[PDB]
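Here's a solo chain for you in structure tokens, the form solved without phenylsulfinylmethylbenzene (IKF).
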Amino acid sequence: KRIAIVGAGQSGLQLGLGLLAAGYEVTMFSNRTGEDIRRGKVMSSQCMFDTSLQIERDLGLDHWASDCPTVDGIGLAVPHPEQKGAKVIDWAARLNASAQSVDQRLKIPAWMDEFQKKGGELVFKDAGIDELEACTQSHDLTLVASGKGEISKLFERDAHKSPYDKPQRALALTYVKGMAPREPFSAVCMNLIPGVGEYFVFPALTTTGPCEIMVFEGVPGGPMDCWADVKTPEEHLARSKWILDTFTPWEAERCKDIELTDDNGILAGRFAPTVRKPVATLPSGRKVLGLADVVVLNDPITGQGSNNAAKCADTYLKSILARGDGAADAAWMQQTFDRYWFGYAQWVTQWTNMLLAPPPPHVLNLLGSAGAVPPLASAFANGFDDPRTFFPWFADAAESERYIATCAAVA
């Protein structure tokens, strides 16, 4: 009946709003005001594919569906090693159903407002152990949904599920107005720069209206690990254009007139992919359950964290409702996570962690073959809505050849 959530983010607010609609009392702790979120720095590029969007629709939370531009496909390009300014791989495929990117600076504050209107108890505090000890005495279940916040480290890192202990990419975001729209359909335009990094770009909705989000990922120490000397929004926009001019001149043609959406429409950072154990034990001996990025944190290279957050909150909501009047004990907590991990997130995580490493030959062959086998390009693109569908053919050479043949037979 009474549920506490620490962290008013994507997963926490989605879960809390779903619980309020199911008749629960919900207490939520936020460490920021809605307006400070709206006007602060961007946090994500939040490209959500149709399955995730549908979870929001089923809860009545798709408040920006008509205003947010759709992302209608996925494109992949690789620079040509010899031919200057050209591409050796350049293909695209349409998504079976649109994706959408609604700036968390819009969504989270609006969902905070809705949470209050629907009877939630919003408490404004940077929560720590004392708040978790208090919550665990007055609530039937307490979840930690604090994303990358320091309190997420209460949960023990799971070494076996975490192959990396260091960041594998240097990240940056740039929200811009003025970019030439993609024709004849919008897409996530992926640009893979061998041994250097990746640039992704797609339309989105932010606090000043429709835009495009530039996403940069650089191999640490390399030419796209280039944000440390950037100290002003103007320097950040300049650096963004320098990457395109240097590595993706075909995308620079779309950017002759770009401007930041706002001075806080920029981000630079990095983190190590990490999986954690879901049950944390407080000094009192009482227990809390971690949600979404607290327990499974992937590098953004595959565009999956928000998708994972919506699917994780959906799985946890269903588990809570199915438990009914039963106690939310450690066993129940652990099984709830296990269903998320073994059923889904282990495959998103293995796929993303593989793609962070240098691509093996059979992967380069897949990417080339997709350009000449449209069913394979379509399988690649739509796999982003459910990355389980990449296994076993993406990771294994022999299986990749079998799947290429399957796709070729229906081309």
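Just count from 1 along the sequence shown to find any residue number.
Asks: Mean CA temperature factor from the deposited coordinates, higher in 298-306 or in 218-226?
Replies: Mean C-alpha B-factor is greater for 218-226.
Asks: Select between 250-258 and 328-336 the stretch whose C-alpha atoms have the higher average B-factor in the entry.
Replies: Per the deposited B-factors, the answer is 250-258.
Asks: Which third of the chain does residue 242 land in by C-alpha B-factor: lowest, middle or highest?
Replies: Within its chain, residue 242 is a highest-third residue by C-alpha B-factor, going by the deposited values.
Asks: Lowest, middle or highest third: where is residue 164 by Cα B-factor in its chain?
Replies: CA B-factor rank for residue 164: highest third.
Asks: Considering only modelled residues of the same chain, in which third does the CA B-factor of residue 134 rank: lowest, middle or highest?
Replies: Ranked within chain, residue 134 CA B lands in the highest tercile.
Asks: Among the modelled residues of this chain, does the Cα B factor of residue 120 put it in the lowest, middle or highest third?
Replies: As the PDB entry reports it, the C-alpha B-factor of residue 120 lands in the middle third of its chain.
Asks: Would you check the entry's CA temperature factor for residue 362 and let me know if it's in the chain's lowest, middle or highest third?
Replies: Highest third of the chain for residue 362's C-alpha B-factor.
There is also a form deposited with phenylsulfinylmethylbenzene (IKF) bound; it is not shown, and the following applies to it.
Asks: If you check 373, 59, 355, 348 against phenylsulfinylmethylbenzene (IKF) in the deposited bound form, which one has a heavy atom within 4.5 Å?
Replies: Of 373, 59, 355, 348, the residue with a heavy atom within 4.5 Å of phenylsulfinylmethylbenzene (IKF) in the deposited bound form is 355.
Asks: Quick one: from 76, 275, 260, 122, grab the residue that has a heavy atom within 4.5 Å of phenylsulfinylmethylbenzene (IKF) in the deposited bound form.
Replies: So the residue touching phenylsulfinylmethylbenzene (IKF) in the deposited bound form, by this definition, is 76.
Asks: Given that the partner is absent here, state which listed stretch (230-238, 280-288, 192-200, 249-257) has heavy atoms within 4.5 Å of phenylsulfinylmethylbenzene (IKF) in the deposited bound form.
Replies: Of the options given, it is 192-200.
Asks: Establish, in the deposited bound form, whether 53, 68 and 185 all lie within 4.5 Å of phenylsulfinylmethylbenzene (IKF), using non-hydrogen atoms for the distance.
Replies: Per the other structure, none of 53, 68 and 185 touch phenylsulfinylmethylbenzene (IKF).
Asks: At 4.5 Å between heavy atoms, is residue 301 in contact with phenylsulfinylmethylbenzene (IKF) in the deposited bound form?
Replies: Flag for residue 301 set to yes.
Asks: Any of the heavy atoms of residue 384 lying within 4.5 Å of phenylsulfinylmethylbenzene (IKF) in the deposited bound form?
Replies: Output for residue 384 is yes: heavy atoms within 4.5 Å of phenylsulfinylmethylbenzene (IKF).
Asks: So in the deposited bound form, does any heavy atom of residue 380 sit within 4.5 Å of phenylsulfinylmethylbenzene (IKF)?
Replies: Result yes; residue 380 sits at the interface with phenylsulfinylmethylbenzene (IKF) in the deposited bound form.
Asks: Going by heavy atoms, what in 201-230 lies within 4.5 angstroms of phenylsulfinylmethylbenzene (IKF) in the deposited bound form?
Replies: Nothing in the stretch sits within 4.5 Å of the partner.
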